[PDB]
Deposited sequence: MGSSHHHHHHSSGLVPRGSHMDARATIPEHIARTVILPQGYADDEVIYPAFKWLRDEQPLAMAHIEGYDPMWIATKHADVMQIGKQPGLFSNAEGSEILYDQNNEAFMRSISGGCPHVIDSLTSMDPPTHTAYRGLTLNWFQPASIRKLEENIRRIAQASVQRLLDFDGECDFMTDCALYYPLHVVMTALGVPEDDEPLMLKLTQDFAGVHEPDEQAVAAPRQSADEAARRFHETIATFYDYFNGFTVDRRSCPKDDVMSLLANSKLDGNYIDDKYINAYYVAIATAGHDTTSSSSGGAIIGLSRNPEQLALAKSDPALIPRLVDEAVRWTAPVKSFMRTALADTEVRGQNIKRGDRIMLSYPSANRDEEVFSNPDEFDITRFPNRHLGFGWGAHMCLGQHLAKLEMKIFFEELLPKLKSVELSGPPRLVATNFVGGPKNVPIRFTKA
């Protein structure tokens, strides 16, 4: 169906479906064709709604800038097929959002709820976590060095530090690591009535757990995010638990896999470019540039969706009210109008105006926490390594949402 779809079926299938994202050489050439030939065009494949695919850096920014025109709330902000979206709606009392997180909201609601924590996530505030992050980073570096020159960088190291950081930011104690892992890896990881029961049950268990903290921080405040949210008010009243608990989940889930995935990306980049490892070791001031290149090149968030709320024009295309739009951050990050030799990992790349954290109204709340923890982590790691190389191929997550490296088998020499 839909006569406006011009993107060839094989191209559309590659960029929309999950499987392709397990392989850089499948996905990136498909987006390169789109950027060259059909930068912003409509695809319609079986099992999915018709959608515009924003492949250009300029277009992703322009759309992201305008939440009044391009909505997160009206449709699913996550790229589900029609079956899975139907399942989500039936579970969530009709609406296309599992929980009441920031990415489900439009202004002014979004502005209000984002505003509750926005200052806390700014660099000057985040800077106070440096000492705790340093300790956490060193612990992860240490458990890597406990291996005799061989391990999986993801499962044996990078899986842990970003979760512990996000736990420290929230105020979840170290001993709750198993539960938080269940949250991010099991529950939020990649019959019908039975699955619906397990879901409501699981989310209720996590919400009950989180409510314990909300209650605690109203009597015993701390400098963490739970305490900030528990004691926040709007119109002279506490924020409804559903918004608070969604905030805790959104922070933990958005903060863990993305950061681990990008760290893995860095290691892949450095293993394939040993000259750059030597560069980062000789000049540790380059590490923030290394961190930005890792995020650009890895681009662990593959897509978010928008719904057009009115008829409008982007790159001379007539986007109708109700039209769905896929924002491809990976494609924007390899846009040749912005980046020279985009497929190359290069830590000296400056400026590095990538869209790995998105752009506009919903731009990653955690970006400064992410950059700080990755910086600190690599500051601690790189001095301890003489060399690093891949021992086998990296395994990428087969997902069109939050993917990138899941396994990065490596060998290393200790400095």
Which parts of the deposited sequence have no C-alpha atoms in the model? 1 to 20, 211 to 223
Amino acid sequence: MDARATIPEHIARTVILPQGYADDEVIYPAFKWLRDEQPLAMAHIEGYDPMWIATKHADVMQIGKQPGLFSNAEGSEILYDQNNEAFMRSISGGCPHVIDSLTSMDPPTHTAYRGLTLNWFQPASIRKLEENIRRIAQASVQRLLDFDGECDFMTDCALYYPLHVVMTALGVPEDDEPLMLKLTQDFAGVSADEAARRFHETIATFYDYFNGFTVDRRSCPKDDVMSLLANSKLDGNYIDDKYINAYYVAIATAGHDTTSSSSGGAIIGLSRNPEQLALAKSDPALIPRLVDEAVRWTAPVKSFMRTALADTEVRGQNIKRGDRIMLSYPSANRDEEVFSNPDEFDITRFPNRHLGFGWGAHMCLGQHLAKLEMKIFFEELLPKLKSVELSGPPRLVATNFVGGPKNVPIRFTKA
From here on, numbers count along this sequence of modelled residues.
On average, are the C-alpha B-factors higher in 191 to 199 or in 238 to 246? 191 to 199
Going by the entry, of stretches 82 to 90 and 223 to 231 the one with greater average Cα B-factor is 82 to 90
Going by the CA temperature factor in the entry, name the top one among 164, 306, 334, 320. 320
If I read the C-alpha B-factors straight from the PDB entry, which of 261, 104, 185, 71 is highest? 185
So, residue 59's CA B-factor, relative to its chain, sits in which third? The lowest
Per the entry's values, where does residue 360 land by CA temperature factor relative to the rest of its chain, in the lowest, middle or highest third? lowest
When the deposited Cα B-factors of this chain's modelled residues are ordered and cut into thirds, is residue 272 in the lowest, the middle or the highest one? middle
Against its chain's modelled residues, does residue 123's Cα B factor rank lowest, middle or highest third? middle
Relative C-alpha B-factor of residue 113, binned into the chain's lowest, middle or highest third: middle
